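Trainee: Next input, structure requested:
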Amino acid sequence: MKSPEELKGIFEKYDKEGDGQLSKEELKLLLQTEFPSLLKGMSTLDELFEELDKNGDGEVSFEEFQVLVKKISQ
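Mentor: Numbering: from 1, shown residues only. Sure, the structure comes next:
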């Protein structure tokens, strides 16, 4: 891997709303374009936001998303 903190460089940018986390409006976007391999066939719209962050808060911050980035790989 290039850098372990390579995850902070993405989510935070897709946080173009100003809420600390992403409503799927900002997530479905982060998955497509930069993280296609995951949102490229499986894990569709409601299958990535609810798949790993829906503990019941219609939102996905960076640390809920934390392991998210690690889930996008081994």
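Trainee: Can you measure across stretch 52-62, start residue to end residue?
Mentor: 12 Å (C-alpha to C-alpha, to the nearest Å).
Trainee: Determine how far it lies from the middle of the whole chain.
Mentor: Between the centre of stretch 52-62 and the centre of its chain there are 10 Å (C-alpha atoms, centre = their mean, to the nearest Å).
Trainee: buried sites along it?
Mentor: Within stretch 52-62, the residues that qualify as buried by neighbour count (16 or more other C-beta atoms under 10 Å) are 52-53, 59-62. Any C-beta I mention is one placed from the backbone N, CA and C, and that applies to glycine too.
Trainee: Repeat that for stretch 36-53.
Mentor: Applying 16+ other C-beta under 10 Å to stretch 36-53 flags 38-39, 43, 48-49, 52-53 as buried.
Trainee: Go ahead and name everything in contact with it.
Mentor: With contact meaning C-beta atoms under 8 Å, 6 or more residues apart in numbering, stretch 36-53 is reached by 22, 24, 27-28, 31-32, 59-60, 64-65, 67-68, 71-72.
Trainee: distance between the ends of it?
Mentor: The first-to-last residue distance of stretch 36-53 comes to 18 Å (C-alpha to C-alpha).
Trainee: rewinding a little: just the buried residues out of the contacts of stretch 36-53, in PyMOL syntax.
Mentor: A single PyMOL command selects the buried members of the contacts of stretch 36-53 (16+ other C-beta under 10 Å):
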select buried, resi 22+24+27+28+31+59+60+64+65+68+72
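Trainee: Of the contacts of stretch 36-53, which is the nearest to residue 1?
Mentor: residue 72 (11.8 Å; C-beta to C-beta).
Trainee: my guess is the closest one contacts residue 35, does it?
Mentor: Yes - between residue 72 and residue 35 there is a contact under C-beta atoms under 8 Å: 5.5 Å.
Trainee: Same list, the buried residues of stretch 52-62, but as TSV with secondary structure please.
Mentor: Shown next, in TSV, are the buried residues of stretch 52-62 (DSSP: H, G, I helix; E, B strand; the rest coil):
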residue	secondary structure
52	helix
53	coil
59	coil
60	strand
61	coil
62	coil
